[PDB]
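Shown next: protein-v1.cif, given as mmCIF, C-alpha atoms.
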data_final
loop_
_atom_site.group_PDB
_atom_site.id
_atom_site.type_symbol
_atom_site.label_atom_id
_atom_site.label_comp_id
_atom_site.auth_asym_id
_atom_site.auth_seq_id
_atom_site.Cartn_x
_atom_site.Cartn_y
_atom_site.Cartn_z
ATOM 1 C CA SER A 1 4.585 9.685 -6.350
ATOM 2 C CA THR A 2 5.753 6.680 -4.318
ATOM 3 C CA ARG A 3 6.255 7.340 -0.626
ATOM 4 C CA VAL A 4 9.675 6.137 0.457
ATOM 5 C CA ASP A 5 11.414 6.219 3.840
ATOM 6 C CA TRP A 6 15.206 6.000 3.961
ATOM 7 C CA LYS A 7 17.007 5.212 7.182
ATOM 8 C CA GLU A 8 20.676 4.685 7.741
ATOM 9 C CA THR A 9 21.781 2.314 10.460
ATOM 10 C CA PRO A 10 25.342 1.593 11.419
ATOM 11 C CA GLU A 11 25.075 -1.530 9.222
ATOM 12 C CA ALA A 12 23.005 -0.466 6.211
ATOM 13 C CA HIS A 13 20.897 1.956 4.244
ATOM 14 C CA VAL A 14 17.272 0.772 4.488
ATOM 15 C CA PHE A 15 14.586 1.980 2.077
ATOM 16 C CA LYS A 16 10.881 1.224 2.554
ATOM 17 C CA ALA A 17 8.496 2.058 -0.289
ATOM 18 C CA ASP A 18 4.688 1.865 -0.093
ATOM 19 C CA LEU A 19 3.684 0.036 -3.243
ATOM 20 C CA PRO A 20 0.242 -1.496 -2.576
ATOM 21 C CA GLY A 21 -1.015 -3.930 -5.134
ATOM 22 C CA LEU A 22 2.450 -4.935 -6.288
ATOM 23 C CA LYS A 23 4.579 -7.954 -5.438
ATOM 24 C CA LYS A 24 8.371 -8.343 -5.490
ATOM 25 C CA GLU A 25 8.751 -9.708 -9.047
ATOM 26 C CA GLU A 26 6.855 -6.661 -10.450
ATOM 27 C CA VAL A 27 9.140 -4.020 -8.890
ATOM 28 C CA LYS A 28 12.467 -3.346 -10.629
ATOM 29 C CA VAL A 29 15.278 -2.491 -8.193
ATOM 30 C CA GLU A 30 18.535 -1.546 -9.866
ATOM 31 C CA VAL A 31 21.764 0.264 -9.386
ATOM 32 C CA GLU A 32 23.034 2.727 -11.915
ATOM 33 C CA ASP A 33 26.336 4.460 -12.409
ATOM 34 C CA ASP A 34 27.255 6.948 -9.698
ATOM 35 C CA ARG A 35 25.736 5.068 -6.760
ATOM 36 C CA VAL A 36 22.166 5.630 -7.799
ATOM 37 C CA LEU A 37 19.457 3.253 -6.515
ATOM 38 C CA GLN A 38 16.401 3.173 -8.822
ATOM 39 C CA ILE A 39 12.988 1.619 -8.030
ATOM 40 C CA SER A 40 10.414 1.392 -10.739
ATOM 41 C CA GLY A 41 7.501 -0.500 -12.192
ATOM 42 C CA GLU A 42 3.867 -0.285 -13.118
ATOM 43 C CA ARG A 43 0.829 -1.029 -11.248
ATOM 44 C CA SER A 44 -1.617 -2.894 -13.402
ATOM 45 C CA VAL A 45 -5.357 -2.290 -13.424
ATOM 46 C CA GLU A 46 -8.126 -4.924 -13.575
ATOM 47 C CA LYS A 47 -10.028 -4.995 -16.876
ATOM 48 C CA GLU A 48 -13.465 -3.344 -16.579
ATOM 49 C CA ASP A 49 -16.688 -5.369 -17.093
ATOM 50 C CA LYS A 50 -19.724 -3.748 -18.864
ATOM 51 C CA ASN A 51 -21.863 -4.652 -15.940
ATOM 52 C CA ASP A 52 -19.650 -2.868 -13.388
ATOM 53 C CA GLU A 53 -20.803 0.370 -11.868
ATOM 54 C CA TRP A 54 -18.430 2.551 -9.877
ATOM 55 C CA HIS A 55 -19.385 4.513 -6.723
ATOM 56 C CA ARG A 56 -15.862 5.690 -5.709
ATOM 57 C CA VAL A 57 -12.631 5.892 -7.605
ATOM 58 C CA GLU A 58 -9.639 6.999 -5.521
ATOM 59 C CA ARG A 59 -6.734 4.592 -6.187
ATOM 60 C CA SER A 60 -3.959 5.450 -8.617
ATOM 61 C CA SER A 61 -2.284 3.303 -11.226
ATOM 62 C CA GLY A 62 0.414 3.547 -13.913
ATOM 63 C CA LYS A 63 4.157 3.884 -13.825
ATOM 64 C CA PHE A 64 6.194 4.750 -10.761
ATOM 65 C CA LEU A 65 9.900 5.775 -10.490
ATOM 66 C CA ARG A 66 12.170 6.923 -7.665
ATOM 67 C CA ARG A 67 15.911 7.421 -7.600
ATOM 68 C CA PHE A 68 18.290 7.901 -4.640
ATOM 69 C CA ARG A 69 21.951 8.826 -4.674
ATOM 70 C CA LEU A 70 23.579 6.707 -1.976
ATOM 71 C CA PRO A 71 26.626 8.076 -0.134
ATOM 72 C CA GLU A 72 30.107 6.619 -0.523
ATOM 73 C CA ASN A 73 29.841 4.201 2.414
ATOM 74 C CA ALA A 74 27.173 2.098 0.615
ATOM 75 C CA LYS A 75 28.091 -1.261 -0.896
ATOM 76 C CA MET A 76 26.055 -0.938 -4.023
ATOM 77 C CA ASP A 77 26.894 -4.432 -5.331
ATOM 78 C CA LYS A 78 25.240 -5.940 -2.240
ATOM 79 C CA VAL A 79 21.749 -4.504 -2.645
ATOM 80 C CA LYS A 80 18.921 -6.859 -1.549
ATOM 81 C CA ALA A 81 15.204 -6.356 -1.781
ATOM 82 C CA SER A 82 12.154 -8.022 -0.339
ATOM 83 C CA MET A 83 8.451 -7.252 -0.285
ATOM 84 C CA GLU A 84 5.588 -8.056 1.963
ATOM 85 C CA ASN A 85 2.096 -6.659 2.251
ATOM 86 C CA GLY A 86 2.641 -3.933 -0.204
ATOM 87 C CA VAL A 87 5.896 -2.620 1.278
ATOM 88 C CA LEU A 88 9.144 -2.915 -0.535
ATOM 89 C CA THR A 89 12.278 -3.048 1.606
ATOM 90 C CA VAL A 90 15.642 -2.361 -0.091
ATOM 91 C CA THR A 91 18.753 -2.850 2.003
ATOM 92 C CA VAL A 92 22.131 -1.543 0.902
ATOM 93 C CA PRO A 93 24.832 -2.746 3.279
ATOM 94 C CA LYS A 94 27.603 -0.419 4.511
ATOM 95 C CA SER G 1 -6.366 9.515 3.853
ATOM 96 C CA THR G 2 -6.851 5.979 2.693
ATOM 97 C CA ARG G 3 -7.581 5.515 -0.978
ATOM 98 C CA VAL G 4 -10.650 3.334 -1.545
ATOM 99 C CA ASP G 5 -12.364 2.245 -4.745
ATOM 100 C CA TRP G 6 -15.949 0.962 -4.534
ATOM 101 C CA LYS G 7 -17.410 -0.966 -7.456
ATOM 102 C CA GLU G 8 -20.808 -2.564 -7.732
ATOM 103 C CA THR G 9 -21.175 -5.672 -9.861
ATOM 104 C CA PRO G 10 -24.381 -7.610 -10.452
ATOM 105 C CA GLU G 11 -23.193 -9.942 -7.648
ATOM 106 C CA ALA G 12 -21.597 -7.666 -5.033
ATOM 107 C CA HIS G 13 -20.289 -4.402 -3.724
ATOM 108 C CA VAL G 14 -16.502 -4.598 -3.883
ATOM 109 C CA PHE G 15 -14.287 -2.220 -1.917
ATOM 110 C CA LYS G 16 -10.503 -2.057 -2.399
ATOM 111 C CA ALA G 17 -8.445 -0.024 0.015
ATOM 112 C CA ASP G 18 -4.649 0.625 -0.291
ATOM 113 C CA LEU G 19 -3.334 -0.200 3.144
ATOM 114 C CA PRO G 20 0.323 -1.068 2.659
ATOM 115 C CA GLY G 21 2.147 -2.518 5.664
ATOM 116 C CA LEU G 22 -1.024 -3.754 7.380
ATOM 117 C CA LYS G 23 -1.914 -7.413 8.164
ATOM 118 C CA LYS G 24 -5.591 -8.469 7.846
ATOM 119 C CA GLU G 25 -5.744 -8.878 11.615
ATOM 120 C CA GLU G 26 -4.802 -5.200 12.090
ATOM 121 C CA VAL G 27 -7.684 -3.905 9.949
ATOM 122 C CA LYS G 28 -11.129 -3.712 11.593
ATOM 123 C CA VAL G 29 -13.938 -4.205 9.054
ATOM 124 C CA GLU G 30 -17.302 -3.683 10.696
ATOM 125 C CA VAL G 31 -20.898 -3.183 9.838
ATOM 126 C CA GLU G 32 -22.811 -0.577 11.829
ATOM 127 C CA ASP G 33 -26.409 0.406 12.052
ATOM 128 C CA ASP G 34 -27.979 1.782 8.908
ATOM 129 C CA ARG G 35 -25.958 -0.247 6.428
ATOM 130 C CA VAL G 36 -22.664 1.521 7.142
ATOM 131 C CA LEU G 37 -19.414 -0.290 6.352
ATOM 132 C CA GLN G 38 -16.524 0.921 8.441
ATOM 133 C CA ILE G 39 -12.893 0.199 7.843
ATOM 134 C CA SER G 40 -10.367 1.266 10.441
ATOM 135 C CA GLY G 41 -7.084 0.510 12.101
ATOM 136 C CA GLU G 42 -3.621 1.711 12.866
ATOM 137 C CA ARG G 43 -0.410 1.273 11.113
ATOM 138 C CA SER G 44 2.307 0.644 13.591
ATOM 139 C CA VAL G 45 5.705 2.299 13.400
ATOM 140 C CA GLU G 46 8.987 0.495 14.017
ATOM 141 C CA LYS G 47 10.586 1.341 17.395
ATOM 142 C CA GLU G 48 13.146 4.110 16.794
ATOM 143 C CA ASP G 49 16.800 3.350 17.452
ATOM 144 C CA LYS G 50 18.879 6.296 18.712
ATOM 145 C CA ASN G 51 21.762 5.132 16.521
ATOM 146 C CA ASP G 52 19.798 5.504 13.283
ATOM 147 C CA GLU G 53 19.845 8.524 11.003
ATOM 148 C CA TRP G 54 16.852 9.332 8.812
ATOM 149 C CA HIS G 55 17.441 10.596 5.325
ATOM 150 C CA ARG G 56 13.822 10.612 4.081
ATOM 151 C CA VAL G 57 10.530 10.366 5.946
ATOM 152 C CA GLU G 58 7.496 10.182 3.625
ATOM 153 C CA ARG G 59 5.328 7.190 4.648
ATOM 154 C CA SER G 60 2.127 7.666 6.613
ATOM 155 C CA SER G 61 1.407 6.045 9.936
ATOM 156 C CA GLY G 62 -1.216 6.238 12.652
ATOM 157 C CA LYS G 63 -4.914 5.738 12.667
ATOM 158 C CA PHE G 64 -7.181 5.481 9.571
ATOM 159 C CA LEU G 65 -10.967 5.384 9.233
ATOM 160 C CA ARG G 66 -13.359 5.321 6.320
ATOM 161 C CA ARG G 67 -17.109 4.810 6.320
ATOM 162 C CA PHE G 68 -19.511 3.955 3.432
ATOM 163 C CA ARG G 69 -23.336 3.854 3.412
ATOM 164 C CA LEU G 70 -24.349 0.882 1.327
ATOM 165 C CA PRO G 71 -27.637 0.829 -0.653
ATOM 166 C CA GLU G 72 -30.512 -1.421 0.249
ATOM 167 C CA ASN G 73 -29.486 -4.237 -2.123
ATOM 168 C CA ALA G 74 -26.409 -5.084 -0.032
ATOM 169 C CA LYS G 75 -26.518 -8.179 2.223
ATOM 170 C CA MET G 76 -24.587 -6.588 5.061
ATOM 171 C CA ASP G 77 -24.592 -9.806 7.174
ATOM 172 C CA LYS G 78 -22.592 -11.718 4.521
ATOM 173 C CA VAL G 79 -19.605 -9.307 4.395
ATOM 174 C CA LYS G 80 -16.171 -10.828 3.807
ATOM 175 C CA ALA G 81 -12.686 -9.330 3.709
ATOM 176 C CA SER G 82 -9.261 -10.361 2.650
ATOM 177 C CA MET G 83 -5.938 -8.732 2.227
ATOM 178 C CA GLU G 84 -3.195 -9.321 -0.243
ATOM 179 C CA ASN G 85 -0.165 -7.246 -1.389
ATOM 180 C CA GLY G 86 -1.267 -4.346 0.875
ATOM 181 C CA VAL G 87 -4.753 -4.154 -0.619
ATOM 182 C CA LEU G 88 -7.837 -4.831 1.476
ATOM 183 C CA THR G 89 -10.769 -6.228 -0.507
ATOM 184 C CA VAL G 90 -14.162 -6.086 1.197
ATOM 185 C CA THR G 91 -17.001 -7.856 -0.534
ATOM 186 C CA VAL G 92 -20.630 -7.276 0.334
ATOM 187 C CA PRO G 93 -22.856 -9.669 -1.609
ATOM 188 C CA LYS G 94 -26.115 -8.561 -3.246
#

Kindly return the structure encoded in the file as structure tokens.
Amino acid sequence: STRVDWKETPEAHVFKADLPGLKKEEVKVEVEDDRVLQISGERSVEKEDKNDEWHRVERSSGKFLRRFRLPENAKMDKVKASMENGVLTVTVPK
Amino acid sequence: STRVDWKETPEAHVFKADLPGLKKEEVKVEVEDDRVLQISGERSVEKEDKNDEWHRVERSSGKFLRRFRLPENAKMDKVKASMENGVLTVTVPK
């Protein structure tokens, strides 16, 4: 499960999700009925080569999904997202 | 704990570590005696503002450290590292 921090400033709700190996265009950020913010996507996996040998396998892959019900002060039509170095930031202005 | 995959191809040992939020310059990649590869660093935390309210705190911070003993076929002096999308790739040629 995706680790997400959620902070509320006087100006905005700010979400930060750790999504290593993804960039912005691969993460779907959307608003659903009832003030719900949804983040989702799929982390892709490199194709294996016959000549590869593994010594450690610890990283996860596959689908991720988180949903947050924002409070009434949030301007859900003004959601903006950006990503850098594996961290997604979603800002919902108040 | 940092998740690290280690693959060995005919050409190299390839390590991939999920280190979201870190710049390449913040990650120390070092070779120590006895063919040990060490990866370490510290993820910084944004200065707290008294006016903020936290709704969710899930993301890790603080120091990390992993060590790997490479086999004799690794050319430890030719190590290279790069980071992209919160993934550190360390390549040790064979």

Same-sequence overlay, chain G on chain A, C-alpha least squares, as an mmCIF file with C-alpha atoms, keeping the file's coordinate frame:
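Written file, part38.cif:
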data_model
loop_
_atom_site.group_PDB
_atom_site.id
_atom_site.type_symbol
_atom_site.label_atom_id
_atom_site.label_comp_id
_atom_site.auth_asym_id
_atom_site.auth_seq_id
_atom_site.Cartn_x
_atom_site.Cartn_y
_atom_site.Cartn_z
ATOM 1 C CA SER G 1 4.132 9.727 -6.025
ATOM 2 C CA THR G 2 5.469 6.795 -4.101
ATOM 3 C CA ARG G 3 6.174 7.384 -0.444
ATOM 4 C CA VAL G 4 9.680 6.253 0.521
ATOM 5 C CA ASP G 5 11.511 6.400 3.836
ATOM 6 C CA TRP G 6 15.310 6.067 3.823
ATOM 7 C CA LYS G 7 17.121 5.298 7.067
ATOM 8 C CA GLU G 8 20.804 4.732 7.605
ATOM 9 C CA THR G 9 21.886 2.393 10.378
ATOM 10 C CA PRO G 10 25.460 1.531 11.306
ATOM 11 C CA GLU G 11 25.001 -1.604 9.144
ATOM 12 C CA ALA G 12 22.960 -0.473 6.124
ATOM 13 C CA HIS G 13 20.903 1.958 4.140
ATOM 14 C CA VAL G 14 17.289 0.838 4.446
ATOM 15 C CA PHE G 15 14.604 2.055 2.051
ATOM 16 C CA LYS G 16 10.891 1.347 2.589
ATOM 17 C CA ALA G 17 8.460 2.177 -0.167
ATOM 18 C CA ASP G 18 4.617 1.882 0.089
ATOM 19 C CA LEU G 19 3.669 -0.014 -3.028
ATOM 20 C CA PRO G 20 0.342 -1.657 -2.255
ATOM 21 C CA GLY G 21 -0.951 -4.173 -4.797
ATOM 22 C CA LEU G 22 2.484 -4.911 -6.273
ATOM 23 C CA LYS G 23 4.307 -8.298 -6.224
ATOM 24 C CA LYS G 24 8.119 -8.274 -5.776
ATOM 25 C CA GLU G 25 8.494 -9.478 -9.354
ATOM 26 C CA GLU G 26 6.657 -6.374 -10.631
ATOM 27 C CA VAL G 27 9.040 -3.930 -8.925
ATOM 28 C CA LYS G 28 12.372 -3.239 -10.665
ATOM 29 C CA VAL G 29 15.130 -2.402 -8.161
ATOM 30 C CA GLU G 30 18.300 -1.423 -9.972
ATOM 31 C CA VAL G 31 21.618 0.165 -9.353
ATOM 32 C CA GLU G 32 22.863 2.649 -11.940
ATOM 33 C CA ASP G 33 26.094 4.445 -12.483
ATOM 34 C CA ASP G 34 27.157 6.858 -9.782
ATOM 35 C CA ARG G 35 25.644 4.999 -6.848
ATOM 36 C CA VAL G 36 22.032 5.651 -7.855
ATOM 37 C CA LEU G 37 19.330 3.297 -6.581
ATOM 38 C CA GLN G 38 16.296 3.216 -8.809
ATOM 39 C CA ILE G 39 12.953 1.742 -7.960
ATOM 40 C CA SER G 40 10.324 1.503 -10.662
ATOM 41 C CA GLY G 41 7.399 -0.428 -12.012
ATOM 42 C CA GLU G 42 3.771 -0.364 -12.934
ATOM 43 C CA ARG G 43 0.724 -1.199 -11.038
ATOM 44 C CA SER G 44 -1.659 -3.053 -13.229
ATOM 45 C CA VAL G 45 -5.372 -2.327 -13.326
ATOM 46 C CA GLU G 46 -8.061 -5.004 -13.422
ATOM 47 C CA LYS G 47 -9.713 -5.391 -16.858
ATOM 48 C CA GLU G 48 -12.915 -3.310 -16.835
ATOM 49 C CA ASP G 49 -16.229 -5.112 -17.198
ATOM 50 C CA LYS G 50 -18.951 -3.166 -19.040
ATOM 51 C CA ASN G 51 -21.509 -4.499 -16.561
ATOM 52 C CA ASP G 52 -19.812 -2.907 -13.550
ATOM 53 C CA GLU G 53 -20.705 0.437 -12.021
ATOM 54 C CA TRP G 54 -18.091 2.464 -10.158
ATOM 55 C CA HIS G 55 -19.097 4.296 -7.037
ATOM 56 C CA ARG G 56 -15.645 5.524 -5.932
ATOM 57 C CA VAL G 57 -12.341 5.712 -7.783
ATOM 58 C CA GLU G 58 -9.438 6.847 -5.567
ATOM 59 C CA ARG G 59 -6.544 4.360 -5.939
ATOM 60 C CA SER G 60 -3.510 5.181 -8.050
ATOM 61 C CA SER G 61 -2.291 3.085 -10.933
ATOM 62 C CA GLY G 62 0.281 3.320 -13.694
ATOM 63 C CA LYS G 63 3.982 3.796 -13.698
ATOM 64 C CA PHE G 64 6.138 4.843 -10.690
ATOM 65 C CA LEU G 65 9.810 5.800 -10.445
ATOM 66 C CA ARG G 66 12.042 7.020 -7.663
ATOM 67 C CA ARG G 67 15.796 7.502 -7.651
ATOM 68 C CA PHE G 68 18.242 7.975 -4.713
ATOM 69 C CA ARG G 69 21.963 8.866 -4.778
ATOM 70 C CA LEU G 70 23.635 6.810 -2.097
ATOM 71 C CA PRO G 71 26.761 8.056 -0.251
ATOM 72 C CA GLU G 72 30.144 6.475 -0.694
ATOM 73 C CA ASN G 73 29.798 4.108 2.287
ATOM 74 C CA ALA G 74 27.110 2.046 0.532
ATOM 75 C CA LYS G 75 28.081 -1.347 -0.958
ATOM 76 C CA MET G 76 25.899 -0.996 -4.029
ATOM 77 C CA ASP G 77 26.797 -4.499 -5.349
ATOM 78 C CA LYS G 78 25.269 -6.203 -2.274
ATOM 79 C CA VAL G 79 21.761 -4.676 -2.619
ATOM 80 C CA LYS G 80 18.814 -6.852 -1.603
ATOM 81 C CA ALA G 81 15.061 -6.317 -1.752
ATOM 82 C CA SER G 82 11.981 -7.923 -0.390
ATOM 83 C CA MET G 83 8.340 -7.150 -0.258
ATOM 84 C CA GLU G 84 5.761 -7.843 2.358
ATOM 85 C CA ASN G 85 2.265 -6.411 3.083
ATOM 86 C CA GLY G 86 2.660 -3.921 0.186
ATOM 87 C CA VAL G 87 5.931 -2.505 1.498
ATOM 88 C CA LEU G 88 9.151 -2.827 -0.472
ATOM 89 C CA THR G 89 12.278 -2.934 1.695
ATOM 90 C CA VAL G 90 15.574 -2.319 -0.091
ATOM 91 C CA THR G 91 18.714 -2.857 1.918
ATOM 92 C CA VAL G 92 22.100 -1.579 0.839
ATOM 93 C CA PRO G 93 24.800 -2.812 3.215
ATOM 94 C CA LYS G 94 27.612 -0.562 4.463
#

Env of segment 5-10 of chain G: 12 Å cut, atoms = all atoms listed in the file, seq-sep filter 2 positions within chain, self excluded. Answer as an mmCIF file with C-alpha atoms, keeping the file's coordinate frame.
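Saved to around_18.cif:
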data_model
loop_
_atom_site.group_PDB
_atom_site.id
_atom_site.type_symbol
_atom_site.label_atom_id
_atom_site.label_comp_id
_atom_site.auth_asym_id
_atom_site.auth_seq_id
_atom_site.Cartn_x
_atom_site.Cartn_y
_atom_site.Cartn_z
ATOM 1 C CA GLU A 46 -8.126 -4.924 -13.575
ATOM 2 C CA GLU A 48 -13.465 -3.344 -16.579
ATOM 3 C CA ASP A 49 -16.688 -5.369 -17.093
ATOM 4 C CA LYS A 50 -19.724 -3.748 -18.864
ATOM 5 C CA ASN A 51 -21.863 -4.652 -15.940
ATOM 6 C CA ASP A 52 -19.650 -2.868 -13.388
ATOM 7 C CA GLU A 53 -20.803 0.370 -11.868
ATOM 8 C CA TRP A 54 -18.430 2.551 -9.877
ATOM 9 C CA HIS A 55 -19.385 4.513 -6.723
ATOM 10 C CA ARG A 56 -15.862 5.690 -5.709
ATOM 11 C CA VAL A 57 -12.631 5.892 -7.605
ATOM 12 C CA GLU A 58 -9.639 6.999 -5.521
ATOM 13 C CA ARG A 59 -6.734 4.592 -6.187
ATOM 14 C CA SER A 60 -3.959 5.450 -8.617
ATOM 15 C CA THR G 2 -6.851 5.979 2.693
ATOM 16 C CA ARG G 3 -7.581 5.515 -0.978
ATOM 17 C CA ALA G 12 -21.597 -7.666 -5.033
ATOM 18 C CA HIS G 13 -20.289 -4.402 -3.724
ATOM 19 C CA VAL G 14 -16.502 -4.598 -3.883
ATOM 20 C CA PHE G 15 -14.287 -2.220 -1.917
ATOM 21 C CA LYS G 16 -10.503 -2.057 -2.399
ATOM 22 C CA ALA G 17 -8.445 -0.024 0.015
ATOM 23 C CA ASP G 18 -4.649 0.625 -0.291
ATOM 24 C CA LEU G 37 -19.414 -0.290 6.352
ATOM 25 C CA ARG G 66 -13.359 5.321 6.320
ATOM 26 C CA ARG G 67 -17.109 4.810 6.320
ATOM 27 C CA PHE G 68 -19.511 3.955 3.432
ATOM 28 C CA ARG G 69 -23.336 3.854 3.412
ATOM 29 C CA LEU G 70 -24.349 0.882 1.327
ATOM 30 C CA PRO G 71 -27.637 0.829 -0.653
ATOM 31 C CA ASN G 73 -29.486 -4.237 -2.123
ATOM 32 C CA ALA G 74 -26.409 -5.084 -0.032
ATOM 33 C CA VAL G 87 -4.753 -4.154 -0.619
ATOM 34 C CA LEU G 88 -7.837 -4.831 1.476
ATOM 35 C CA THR G 89 -10.769 -6.228 -0.507
ATOM 36 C CA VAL G 90 -14.162 -6.086 1.197
ATOM 37 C CA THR G 91 -17.001 -7.856 -0.534
ATOM 38 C CA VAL G 92 -20.630 -7.276 0.334
ATOM 39 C CA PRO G 93 -22.856 -9.669 -1.609
ATOM 40 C CA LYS G 94 -26.115 -8.561 -3.246
#

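Coordinates place atom CA of residue 11 of chain A at a distance of 29.1 Å from atom CA of residue 42 of chain G.
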
Can you work out the spacing between atom CA of residue 65 of chain A and atom CA of residue 26 of chain G in Å, to one decimal?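 Computed distance, atom CA of residue 65 of chain A to atom CA of residue 26 of chain G, equals 29.1 Å.
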
I need the residue nearest chain A from this list: G:1, G:40, G:33, G:23. Use only C-alpha atoms for the distance.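 The answer is G:23, which sits nearest to chain A.
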
For this file, the PyMOL selection byres ((chain G and resi 21) around 8) selects which residues, as a list in words? residues 18, 84, 85, 86 and 87 of chain A; 19, 20, 22, 23, 43 and 86 of chain G

Quick one: 3 Å padding each side, axis-aligned, all listed atoms of segment 76-83 of chain A - centre and edge lengths in Å to one decimal, as lines of an AutoDock Vina configuration file?
center_x = 17.7
center_y = -4.5
center_z = -2.8
size_x = 24.4
size_y = 13.1
size_z = 11.0

Tell me, in Å to one decimal, how far atom CA of residue 29 of chain A is from atom CA of residue 79 of chain A. 8.8 Å
